[PDB]
Structures are given as structure tokens and as C-alpha cells.
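In: The data below comprise the sequence and an experimental structure of the protein.
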Amino acid sequence: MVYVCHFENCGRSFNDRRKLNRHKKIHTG
Ligand SMILES: [Zn+2]
């Protein structure tokens, strides 16, 4: 699935769950 890291430190979009899941770590630590 595609997801959008529209968060207040990124404003990015990622055409894969693996690419958002691996990136979301950088917004948890
Ligand atoms: Zn992001």
C-alpha cells in the first residue's frame, strides 16, 4: 500500500508500506 509521511518534519510520500515503515522510525527516534 502507498502512504504519505505528511508529518511536520517531512512532507514526503512513499509508494510502499516498507518505505514508510522504515522511515517512520526516524519520527519515533
Ligand atoms: Zn516523514
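Out: Done, it's in. Residues are numbered from 1 along each chain as shown.

In: which stretch of helix or strand covers residue 7?
Out: Assigned by DSSP states H and E, residue 7 belongs to no helix or strand.

In: try residue 18
Out: Under the assignment here (DSSP H and E), residue 18 is part of helix 17-24.

In: dump the residue contacts of residue 11.
Out: Counting by Cβ atoms under 8 Å, 6 or more residues apart in numbering, residue 11 makes contact with residue 5. All C-beta atoms are positioned from the backbone trio N, CA, C, and that covers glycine.

In: In this protein, what residue lies closest to the ion?
Out: Residue nearest to the ion within the chain (Cβ to the ion): residue 10, separated by 2.6 Å.

In: Report how many residues lie close to the spatially closest residue to residue 10 that is not a sequence neighbour.
Out: Nearest residue to residue 10, sequence neighbours excluded (Cβ to Cβ, 6 or more residues apart in numbering): residue 27, at 7.3 Å. Number of residues near residue 27 (other Cβ atoms under 10 Å) recorded here: 11.

In: swap in residue 14?
Out: Residue 14 has 17 nearby residues by other Cβ under 10 Å.
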